[PDB]
file final_38.cif (mmCIF, C-alpha atoms)
data_my_file
#
loop_
_atom_site.label_atom_id
_atom_site.label_comp_id
_atom_site.auth_asym_id
_atom_site.auth_seq_id
_atom_site.Cartn_x
_atom_site.Cartn_y
_atom_site.Cartn_z
CA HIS K 1 7.68 55.13 37.79
CA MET K 2 9.64 56.00 40.93
CA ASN K 3 12.69 54.28 42.39
CA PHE K 4 12.75 53.31 46.05
CA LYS K 5 16.05 54.23 47.71
CA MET K 6 17.54 50.93 48.89
CA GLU K 7 20.53 49.95 51.02
CA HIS K 8 21.12 46.45 49.66
CA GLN K 9 18.43 45.56 47.12
CA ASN K 10 18.53 41.90 46.06
CA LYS K 11 15.97 41.97 43.20
CA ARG K 12 16.44 42.11 39.41
CA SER K 13 15.63 45.60 38.12
CA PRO K 14 14.50 46.89 34.71
CA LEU K 15 18.07 48.18 34.29
CA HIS K 16 19.17 44.54 34.33
CA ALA K 17 16.78 43.55 31.54
CA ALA K 18 17.87 46.61 29.52
CA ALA K 19 21.60 45.94 30.03
CA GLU K 20 21.11 42.29 29.08
CA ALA K 21 19.30 43.36 25.89
CA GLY K 22 22.11 45.76 25.08
CA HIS K 23 19.61 48.59 24.66
CA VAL K 24 21.71 51.67 25.48
CA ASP K 25 18.94 54.25 25.31
CA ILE K 26 16.53 52.44 27.62
CA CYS K 27 19.51 52.03 29.98
CA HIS K 28 20.25 55.72 29.86
CA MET K 29 16.59 56.67 30.41
CA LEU K 30 16.53 54.44 33.46
CA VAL K 31 19.88 55.65 34.88
CA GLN K 32 18.72 59.19 34.19
CA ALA K 33 15.38 58.64 35.95
CA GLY K 34 17.20 57.64 39.15
CA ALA K 35 17.84 53.91 38.76
CA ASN K 36 20.82 52.73 40.81
CA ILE K 37 23.46 51.71 38.26
CA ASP K 38 24.81 48.99 40.56
CA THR K 39 21.69 47.22 41.86
CA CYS K 40 22.08 43.54 42.55
CA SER K 41 19.71 40.83 41.37
CA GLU K 42 18.54 37.85 43.43
CA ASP K 43 21.71 36.07 42.33
CA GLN K 44 23.85 39.12 42.97
CA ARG K 45 24.41 40.41 39.48
CA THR K 46 24.97 43.95 38.27
CA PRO K 47 23.65 45.42 35.04
CA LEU K 48 27.31 45.59 33.97
CA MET K 49 27.73 41.81 34.38
CA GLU K 50 24.56 41.39 32.30
CA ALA K 51 25.78 43.66 29.45
CA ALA K 52 29.26 42.18 29.57
CA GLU K 53 28.30 38.52 29.43
CA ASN K 54 25.93 39.11 26.52
CA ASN K 55 28.60 40.84 24.42
CA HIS K 56 26.87 44.21 24.35
CA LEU K 57 29.87 46.49 23.97
CA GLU K 58 28.05 49.79 23.63
CA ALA K 59 25.94 49.10 26.71
CA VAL K 60 29.11 48.13 28.60
CA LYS K 61 30.72 51.47 27.77
CA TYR K 62 27.64 53.43 28.69
CA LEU K 63 27.44 51.71 32.09
CA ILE K 64 31.15 52.24 32.68
CA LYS K 65 31.17 55.82 31.41
CA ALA K 66 28.39 56.36 33.93
CA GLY K 67 29.91 55.22 37.16
CA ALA K 68 29.07 51.54 37.01
CA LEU K 69 31.18 49.60 39.54
CA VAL K 70 33.48 47.16 37.80
CA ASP K 71 34.57 45.01 40.75
CA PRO K 72 31.47 43.50 42.29
CA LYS K 73 31.35 39.71 42.42
CA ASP K 74 28.88 37.07 41.22
CA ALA K 75 27.25 34.69 43.67
CA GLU K 76 30.24 32.50 42.81
CA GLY K 77 32.83 35.26 42.84
CA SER K 78 32.90 36.06 39.18
CA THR K 79 33.33 39.59 37.95
CA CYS K 80 31.98 40.88 34.68
CA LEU K 81 35.51 40.16 33.52
CA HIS K 82 35.27 36.47 34.38
CA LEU K 83 31.92 36.28 32.64
CA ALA K 84 32.86 38.04 29.42
CA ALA K 85 36.08 36.07 29.16
CA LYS K 86 34.30 32.83 29.98
CA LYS K 87 32.12 33.60 26.95
CA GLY K 88 35.10 34.63 24.82
CA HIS K 89 34.01 38.15 24.03
CA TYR K 90 37.24 39.81 22.86
CA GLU K 91 36.08 43.44 22.52
CA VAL K 92 34.27 43.55 25.86
CA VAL K 93 37.23 41.96 27.60
CA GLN K 94 39.46 44.51 25.84
CA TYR K 95 37.43 47.47 27.03
CA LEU K 96 36.96 46.04 30.48
CA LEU K 97 40.77 46.04 30.58
CA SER K 98 41.79 49.46 29.22
CA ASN K 99 38.98 51.98 29.91
CA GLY K 100 37.62 49.55 32.43
CA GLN K 101 40.81 49.57 34.49
CA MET K 102 39.91 46.15 35.95
CA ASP K 103 42.08 43.42 37.50
CA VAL K 104 43.27 40.64 35.13
CA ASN K 105 44.09 38.39 38.02
CA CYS K 106 40.97 38.46 40.13
CA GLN K 107 40.05 34.92 41.14
CA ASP K 108 36.52 33.69 41.54
CA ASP K 109 35.49 31.37 44.39
CA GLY K 110 37.20 28.27 43.01
CA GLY K 111 40.42 30.16 42.51
CA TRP K 112 40.01 30.48 38.76
CA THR K 113 41.34 33.59 37.05
CA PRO K 114 40.02 34.87 33.73
CA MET K 115 42.83 33.18 31.85
CA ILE K 116 41.89 29.84 33.37
CA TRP K 117 38.28 30.50 32.32
CA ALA K 118 39.25 31.49 28.81
CA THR K 119 41.34 28.28 28.74
CA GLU K 120 38.46 26.03 29.83
CA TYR K 121 36.55 27.19 26.78
CA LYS K 122 39.58 27.12 24.50
CA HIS K 123 39.45 30.82 23.58
CA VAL K 124 42.99 31.22 22.22
CA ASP K 125 42.96 34.87 21.17
CA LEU K 126 41.50 35.70 24.57
CA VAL K 127 44.36 34.08 26.52
CA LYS K 128 46.75 35.91 24.18
CA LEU K 129 44.98 39.12 25.03
CA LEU K 130 44.84 38.39 28.77
CA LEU K 131 48.52 37.61 28.75
CA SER K 132 49.45 40.75 26.80
CA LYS K 133 47.61 42.60 29.58
CA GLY K 134 49.13 41.11 32.77
CA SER K 135 47.99 37.53 33.55
CA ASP K 136 50.06 35.81 36.25
CA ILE K 137 50.48 32.33 34.73
CA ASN K 138 51.68 31.27 38.20
CA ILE K 139 48.30 31.78 39.81
CA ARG K 140 47.14 28.62 41.51
CA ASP K 141 43.52 27.69 41.80
CA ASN K 142 42.08 26.15 44.98
CA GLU K 143 43.61 22.79 44.12
CA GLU K 144 47.11 23.90 43.24
CA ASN K 145 46.58 23.81 39.47
CA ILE K 146 48.07 26.63 37.43
CA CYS K 147 46.88 27.56 33.97
CA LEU K 148 49.08 24.99 32.23
CA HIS K 149 47.35 22.13 34.08
CA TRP K 150 43.94 23.07 32.67
CA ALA K 151 45.44 23.80 29.26
CA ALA K 152 46.65 20.21 29.62
CA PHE K 153 43.38 18.88 30.98
CA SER K 154 41.51 20.49 28.10
CA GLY K 155 43.90 19.55 25.31
CA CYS K 156 44.17 22.90 23.58
CA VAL K 157 47.77 22.91 22.35
CA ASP K 158 47.67 26.48 21.03
CA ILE K 159 46.95 27.75 24.52
CA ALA K 160 49.51 25.40 26.11
CA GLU K 161 52.18 26.37 23.55
CA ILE K 162 51.49 29.98 24.48
CA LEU K 163 51.53 29.41 28.24
CA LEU K 164 54.98 27.81 27.85
CA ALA K 165 56.32 30.47 25.50
CA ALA K 166 55.46 32.64 28.53
CA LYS K 167 58.00 30.87 30.79
CA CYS K 168 55.36 28.77 32.55
CA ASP K 169 56.82 25.91 34.62
CA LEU K 170 56.48 22.65 32.68
CA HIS K 171 56.79 20.65 35.90
CA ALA K 172 54.55 22.65 38.21
CA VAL K 173 52.40 20.17 40.13
CA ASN K 174 48.98 20.35 41.68
CA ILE K 175 47.74 19.05 45.01
CA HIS K 176 47.88 15.45 43.76
CA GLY K 177 51.36 16.05 42.48
CA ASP K 178 50.19 15.90 38.88
CA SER K 179 52.26 17.73 36.30
CA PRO K 180 50.89 19.11 33.08
CA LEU K 181 52.18 15.94 31.39
CA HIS K 182 50.53 13.75 34.03
CA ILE K 183 47.15 15.22 33.14
CA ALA K 184 47.70 15.40 29.38
CA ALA K 185 48.21 11.62 29.66
CA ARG K 186 45.28 10.67 31.90
CA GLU K 187 43.00 12.68 29.67
CA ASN K 188 44.61 11.24 26.53
CA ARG K 189 45.42 14.59 24.94
CA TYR K 190 47.84 13.41 22.24
CA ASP K 191 49.00 16.64 20.59
CA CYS K 192 49.52 17.95 24.13
CA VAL K 193 51.55 15.06 25.53
CA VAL K 194 53.65 15.50 22.34
CA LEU K 195 54.28 19.22 22.77
CA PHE K 196 55.30 18.41 26.34
CA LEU K 197 57.73 15.58 25.53
CA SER K 198 59.10 17.90 22.89
CA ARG K 199 59.99 20.27 25.76
CA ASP K 200 61.64 17.55 27.87
CA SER K 201 58.96 16.93 30.45
CA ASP K 202 60.15 14.41 33.11
CA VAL K 203 58.63 11.04 32.09
CA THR K 204 60.00 9.44 35.28
CA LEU K 205 58.29 11.91 37.61
CA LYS K 206 55.94 10.19 40.03
CA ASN K 207 52.98 11.99 41.65
CA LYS K 208 51.47 11.48 45.10
CA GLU K 209 50.27 8.01 44.14
CA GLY K 210 53.69 7.19 42.74
CA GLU K 211 52.35 7.03 39.20
CA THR K 212 54.41 8.47 36.37
CA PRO K 213 52.63 10.11 33.46
CA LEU K 214 53.02 6.84 31.52
CA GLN K 215 51.27 4.97 34.34
CA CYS K 216 48.28 7.34 34.09
CA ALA K 217 47.59 6.84 30.42
CA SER K 218 45.15 4.11 29.39
CA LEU K 219 46.76 1.09 27.75
CA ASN K 220 47.36 1.15 23.98
CA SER K 221 46.27 4.73 23.67
CA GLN K 222 47.86 6.98 21.14
CA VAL K 223 49.30 8.64 24.25
CA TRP K 224 50.42 5.47 25.98
CA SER K 225 52.30 4.49 22.83
CA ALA K 226 54.02 7.85 22.56
CA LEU K 227 54.89 7.84 26.27
CA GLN K 228 56.52 4.44 26.30
CA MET K 229 58.21 4.87 22.94
CA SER K 230 59.62 7.86 24.78
CA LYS K 231 60.64 6.00 27.94
CA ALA K 232 62.41 3.36 25.84
CA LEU K 233 64.17 6.06 23.82
CA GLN K 234 65.52 7.43 27.10
CA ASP K 235 66.41 4.16 28.86
CA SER K 236 68.53 3.37 25.75
#
call {"tool": "encode", "arguments": {"input": "final_38.cif", "output": "C-alpha cells"}}
result
Amino acid sequence: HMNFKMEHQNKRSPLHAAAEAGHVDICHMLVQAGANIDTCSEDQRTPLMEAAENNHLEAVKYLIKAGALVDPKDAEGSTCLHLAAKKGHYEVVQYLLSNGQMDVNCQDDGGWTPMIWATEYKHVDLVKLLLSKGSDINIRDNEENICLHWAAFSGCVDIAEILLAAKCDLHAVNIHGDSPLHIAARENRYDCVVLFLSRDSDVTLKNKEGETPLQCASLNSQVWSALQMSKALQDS
C-alpha cells in the first residue's frame, strides 16, 4: 500500500502495531516503504513510545538508528523515557540514555521526572541507574514534592536510602509543608520513618496545619509508637 503524506496525522499506523509487537523486520519494511517514523496516534504516541514501553529493545534501537524522534510527548507529557522507566525496563532505559541521548530530567505534565516514576513503582535498580546518569533529586513536581517525598509516600526504603546517600534534603517540604518524615508517618511506612529518625529528622517540625510528623501518624501505629518513643527520648 501507499502512504499519504501528512502534516499532523493523528491516527494509529501499522508502524505503531509493529513497534508495539517488537517486530523489527516488519518495522523496517514499513519505514523502508515510506512510513513516517514519527507518526502520532489518536492519543499522540510515537512508534518509539510503543516499542519502548513494551520492552522491545531491538525495535527501540532500529527506530532510533533510523531517525526516530526521541523527545515527543505523550498526551500527558510523557516521553518514551517516562514510559519505559515507569514500567521498569532497565535495558531500554539504558539505551534511551546513552545512544538515545535523551534528557533524564524531562518532566511530564504533573511535574514528575523519570526518577519519580521509577520510584512510584519501586524500581530500585532503575533509580540507581537514573541517578548514575544525571537525575536532579531536587526537581519538584507540581505540588512541591521532590523525589524523597514520594519515596516516603511509597515506603520503599532502598530508594529512600539511596536518595539520601545522594545528598537529598531530609527536610525539604512540599506545598503543605510536609517533610519526608511527615509523609512516612501519615502513610504509616515504618521502615521509612525509622531510616529518617536514624538520620535526625526534625520530630518537632510543624507543617502548614501545625501538625508535627507525630501528629500525622494514626494512634498506636507501629509508627506512632516509634515517633513518640523518639520524642520522649529527646525531651529527656
call {"tool": "atom_distance", "arguments": {"input": "final_38.cif", "atom1": "atom CA of residue K:13", "atom2": "atom CA of residue K:47"}}
result
8.6 Å
call {"tool": "atom_distance", "arguments": {"input": "final_38.cif", "atom1": "atom CA of residue K:15", "atom2": "atom CA of residue K:37"}}
result
7.6 Å
call {"tool": "atom_distance", "arguments": {"input": "final_38.cif", "atom1": "atom CA of residue K:154", "atom2": "atom CA of residue K:187"}}
result
8.1 Å
call {"tool": "residues_around", "arguments": {"input": "final_38.cif", "residues": "stretch 56-62 of chain K", "least_positions_apart": "3", "cutoff": "7 Å", "atoms": "only C-alpha atoms", "output": "list in words"}}
result
residues 19, 22, 23, 24, 48, 51, 52, 65, 66 and 92 of chain K
call {"tool": "resolve_selection", "arguments": {"input": "final_38.cif", "expression": "the PyMOL selection byres ((chain K and resi 218) around 12)", "output": "mmCIF file with C-alpha atoms, keeping the file's coordinate frame"}}
result
data_model
loop_
_atom_site.group_PDB
_atom_site.id
_atom_site.type_symbol
_atom_site.label_atom_id
_atom_site.label_comp_id
_atom_site.auth_asym_id
_atom_site.auth_seq_id
_atom_site.Cartn_x
_atom_site.Cartn_y
_atom_site.Cartn_z
ATOM 1 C CA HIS K 182 50.530 13.750 34.030
ATOM 2 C CA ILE K 183 47.150 15.220 33.140
ATOM 3 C CA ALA K 184 47.700 15.400 29.380
ATOM 4 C CA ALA K 185 48.210 11.620 29.660
ATOM 5 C CA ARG K 186 45.280 10.670 31.900
ATOM 6 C CA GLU K 187 43.000 12.680 29.670
ATOM 7 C CA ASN K 188 44.610 11.240 26.530
ATOM 8 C CA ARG K 189 45.420 14.590 24.940
ATOM 9 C CA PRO K 213 52.630 10.110 33.460
ATOM 10 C CA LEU K 214 53.020 6.840 31.520
ATOM 11 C CA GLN K 215 51.270 4.970 34.340
ATOM 12 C CA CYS K 216 48.280 7.340 34.090
ATOM 13 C CA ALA K 217 47.590 6.840 30.420
ATOM 14 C CA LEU K 219 46.760 1.090 27.750
ATOM 15 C CA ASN K 220 47.360 1.150 23.980
ATOM 16 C CA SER K 221 46.270 4.730 23.670
ATOM 17 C CA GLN K 222 47.860 6.980 21.140
ATOM 18 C CA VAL K 223 49.300 8.640 24.250
ATOM 19 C CA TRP K 224 50.420 5.470 25.980
ATOM 20 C CA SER K 225 52.300 4.490 22.830
ATOM 21 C CA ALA K 226 54.020 7.850 22.560
ATOM 22 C CA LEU K 227 54.890 7.840 26.270
ATOM 23 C CA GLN K 228 56.520 4.440 26.300
#
call {"tool": "residues_near_point", "arguments": {"input": "final_38.cif", "point": "(47.9, 41.9, 26.9)", "cutoff": "12 Å", "atoms": "all atoms listed in the file", "output": "PDB file with C-alpha atoms, in the frame of the given file"}}
result
ATOM      1  CA  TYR K  90      37.240  39.810  22.860  1.00  0.00           C
ATOM      2  CA  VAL K  93      37.230  41.960  27.600  1.00  0.00           C
ATOM      3  CA  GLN K  94      39.460  44.510  25.840  1.00  0.00           C
ATOM      4  CA  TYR K  95      37.430  47.470  27.030  1.00  0.00           C
ATOM      5  CA  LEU K  97      40.770  46.040  30.580  1.00  0.00           C
ATOM      6  CA  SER K  98      41.790  49.460  29.220  1.00  0.00           C
ATOM      7  CA  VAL K 104      43.270  40.640  35.130  1.00  0.00           C
ATOM      8  CA  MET K 115      42.830  33.180  31.850  1.00  0.00           C
ATOM      9  CA  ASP K 125      42.960  34.870  21.170  1.00  0.00           C
ATOM     10  CA  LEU K 126      41.500  35.700  24.570  1.00  0.00           C
ATOM     11  CA  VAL K 127      44.360  34.080  26.520  1.00  0.00           C
ATOM     12  CA  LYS K 128      46.750  35.910  24.180  1.00  0.00           C
ATOM     13  CA  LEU K 129      44.980  39.120  25.030  1.00  0.00           C
ATOM     14  CA  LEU K 130      44.840  38.390  28.770  1.00  0.00           C
ATOM     15  CA  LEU K 131      48.520  37.610  28.750  1.00  0.00           C
ATOM     16  CA  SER K 132      49.450  40.750  26.800  1.00  0.00           C
ATOM     17  CA  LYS K 133      47.610  42.600  29.580  1.00  0.00           C
ATOM     18  CA  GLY K 134      49.130  41.110  32.770  1.00  0.00           C
ATOM     19  CA  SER K 135      47.990  37.530  33.550  1.00  0.00           C
ATOM     20  CA  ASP K 136      50.060  35.810  36.250  1.00  0.00           C
TER      21      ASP K 136
END
call {"tool": "closest_residue", "arguments": {"input": "final_38.cif", "among": "K:105, K:3, K:201, K:36", "to": "residue K:140", "atoms": "only C-alpha atoms"}}
result
K:105
call {"tool": "axis_aligned_box", "arguments": {"input": "final_38.cif", "around": "stretch 67-79 of chain K", "padding_each_side": "8 Å", "output": "JSON"}}
result
{"center_x": 30.9, "center_y": 43.9, "center_z": 40.3, "size_x": 23.3, "size_y": 38.7, "size_z": 22.7}
call {"tool": "resolve_selection", "arguments": {"input": "final_38.cif", "expression": "the PyMOL selection byres ((chain K and resi 83) around 10)", "output": "PDB file with C-alpha atoms, in the frame of the given file"}}
result
ATOM      1  CA  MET K  49      27.730  41.810  34.380  1.00  0.00           C
ATOM      2  CA  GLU K  50      24.560  41.390  32.300  1.00  0.00           C
ATOM      3  CA  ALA K  52      29.260  42.180  29.570  1.00  0.00           C
ATOM      4  CA  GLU K  53      28.300  38.520  29.430  1.00  0.00           C
ATOM      5  CA  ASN K  54      25.930  39.110  26.520  1.00  0.00           C
ATOM      6  CA  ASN K  55      28.600  40.840  24.420  1.00  0.00           C
ATOM      7  CA  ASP K  74      28.880  37.070  41.220  1.00  0.00           C
ATOM      8  CA  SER K  78      32.900  36.060  39.180  1.00  0.00           C
ATOM      9  CA  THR K  79      33.330  39.590  37.950  1.00  0.00           C
ATOM     10  CA  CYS K  80      31.980  40.880  34.680  1.00  0.00           C
ATOM     11  CA  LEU K  81      35.510  40.160  33.520  1.00  0.00           C
ATOM     12  CA  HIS K  82      35.270  36.470  34.380  1.00  0.00           C
ATOM     13  CA  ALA K  84      32.860  38.040  29.420  1.00  0.00           C
ATOM     14  CA  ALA K  85      36.080  36.070  29.160  1.00  0.00           C
ATOM     15  CA  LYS K  86      34.300  32.830  29.980  1.00  0.00           C
ATOM     16  CA  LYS K  87      32.120  33.600  26.950  1.00  0.00           C
ATOM     17  CA  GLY K  88      35.100  34.630  24.820  1.00  0.00           C
ATOM     18  CA  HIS K  89      34.010  38.150  24.030  1.00  0.00           C
ATOM     19  CA  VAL K  93      37.230  41.960  27.600  1.00  0.00           C
ATOM     20  CA  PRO K 114      40.020  34.870  33.730  1.00  0.00           C
ATOM     21  CA  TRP K 117      38.280  30.500  32.320  1.00  0.00           C
ATOM     22  CA  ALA K 118      39.250  31.490  28.810  1.00  0.00           C
TER      23      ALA K 118
END
call {"tool": "closest_residue", "arguments": {"input": "final_38.cif", "among": "K:43, K:72, K:158, K:63", "to": "residue K:28", "atoms": "only C-alpha atoms"}}
result
K:63
call {"tool": "closest_residue", "arguments": {"input": "final_38.cif", "among": "K:157, K:26, K:152, K:106", "to": "residue K:171", "atoms": "all atoms listed in the file"}}
result
K:152
call {"tool": "residues_around", "arguments": {"input": "final_38.cif", "residues": "residue K:139", "least_positions_apart": "2", "cutoff": "10 Å", "atoms": "only C-alpha atoms", "output": "PDB file with C-alpha atoms, in the coordinates of the input"}}
result
ATOM      1  CA  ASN K 105      44.090  38.390  38.020  1.00  0.00           C
ATOM      2  CA  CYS K 106      40.970  38.460  40.130  1.00  0.00           C
ATOM      3  CA  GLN K 107      40.050  34.920  41.140  1.00  0.00           C
ATOM      4  CA  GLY K 111      40.420  30.160  42.510  1.00  0.00           C
ATOM      5  CA  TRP K 112      40.010  30.480  38.760  1.00  0.00           C
ATOM      6  CA  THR K 113      41.340  33.590  37.050  1.00  0.00           C
ATOM      7  CA  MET K 115      42.830  33.180  31.850  1.00  0.00           C
ATOM      8  CA  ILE K 116      41.890  29.840  33.370  1.00  0.00           C
ATOM      9  CA  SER K 135      47.990  37.530  33.550  1.00  0.00           C
ATOM     10  CA  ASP K 136      50.060  35.810  36.250  1.00  0.00           C
ATOM     11  CA  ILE K 137      50.480  32.330  34.730  1.00  0.00           C
ATOM     12  CA  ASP K 141      43.520  27.690  41.800  1.00  0.00           C
ATOM     13  CA  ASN K 142      42.080  26.150  44.980  1.00  0.00           C
ATOM     14  CA  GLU K 144      47.110  23.900  43.240  1.00  0.00           C
ATOM     15  CA  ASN K 145      46.580  23.810  39.470  1.00  0.00           C
ATOM     16  CA  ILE K 146      48.070  26.630  37.430  1.00  0.00           C
ATOM     17  CA  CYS K 147      46.880  27.560  33.970  1.00  0.00           C
TER      18      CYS K 147
END
call {"tool": "resolve_selection", "arguments": {"input": "final_38.cif", "expression": "the PyMOL selection byres ((chain K and resi 174) around 9)", "output": "PyMOL selection string"}}
result
chain K and resi 140+143-146+149+172-173+175-180
call {"tool": "closest_residue", "arguments": {"input": "final_38.cif", "among": "K:109, K:38, K:120, K:25", "to": "residue K:8", "atoms": "all atoms listed in the file"}}
result
K:38
call {"tool": "build_atoms", "arguments": {"input": "final_38.cif", "residues": "stretch 50-66 of chain K", "atoms": "N, CA and C atoms", "output": "compact mmCIF listing (two decimals), in the frame of the given file"}}
result
# COMPACT_ATOMS: atom_id res chain seq x y z
N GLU K 50 25.54 41.76 33.32
CA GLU K 50 24.56 41.39 32.30
C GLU K 50 24.95 41.85 30.87
N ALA K 51 25.39 43.10 30.74
CA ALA K 51 25.78 43.66 29.45
C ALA K 51 27.06 43.03 28.95
N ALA K 52 27.96 42.77 29.89
CA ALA K 52 29.26 42.18 29.57
C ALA K 52 29.09 40.79 28.99
N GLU K 53 28.52 39.91 29.79
CA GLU K 53 28.30 38.52 29.43
C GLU K 53 27.49 38.28 28.16
N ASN K 54 26.72 39.27 27.72
CA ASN K 54 25.93 39.11 26.52
C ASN K 54 26.56 39.83 25.32
N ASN K 55 27.83 40.17 25.46
CA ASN K 55 28.60 40.84 24.42
C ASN K 55 27.95 42.10 23.86
N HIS K 56 27.50 42.97 24.75
CA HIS K 56 26.87 44.21 24.35
C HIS K 56 27.84 45.34 24.63
N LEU K 57 28.84 45.48 23.77
CA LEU K 57 29.87 46.49 23.97
C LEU K 57 29.39 47.90 24.26
N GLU K 58 28.50 48.43 23.42
CA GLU K 58 28.05 49.79 23.63
C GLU K 58 27.34 50.01 24.96
N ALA K 59 26.62 49.01 25.42
CA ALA K 59 25.94 49.10 26.71
C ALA K 59 26.99 49.06 27.82
N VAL K 60 28.02 48.25 27.62
CA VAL K 60 29.11 48.13 28.60
C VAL K 60 29.74 49.49 28.82
N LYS K 61 30.11 50.14 27.72
CA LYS K 61 30.72 51.47 27.77
C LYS K 61 29.80 52.45 28.47
N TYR K 62 28.54 52.51 28.04
CA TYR K 62 27.64 53.43 28.69
C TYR K 62 27.70 53.24 30.22
N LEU K 63 27.44 52.01 30.67
CA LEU K 63 27.44 51.71 32.09
C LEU K 63 28.75 52.14 32.76
N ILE K 64 29.87 51.87 32.10
CA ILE K 64 31.15 52.24 32.68
C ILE K 64 31.32 53.75 32.66
N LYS K 65 31.11 54.36 31.50
CA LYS K 65 31.17 55.82 31.41
C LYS K 65 29.87 56.31 32.03
N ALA K 66 29.62 55.94 33.28
CA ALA K 66 28.39 56.36 33.93
C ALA K 66 28.53 56.08 35.40
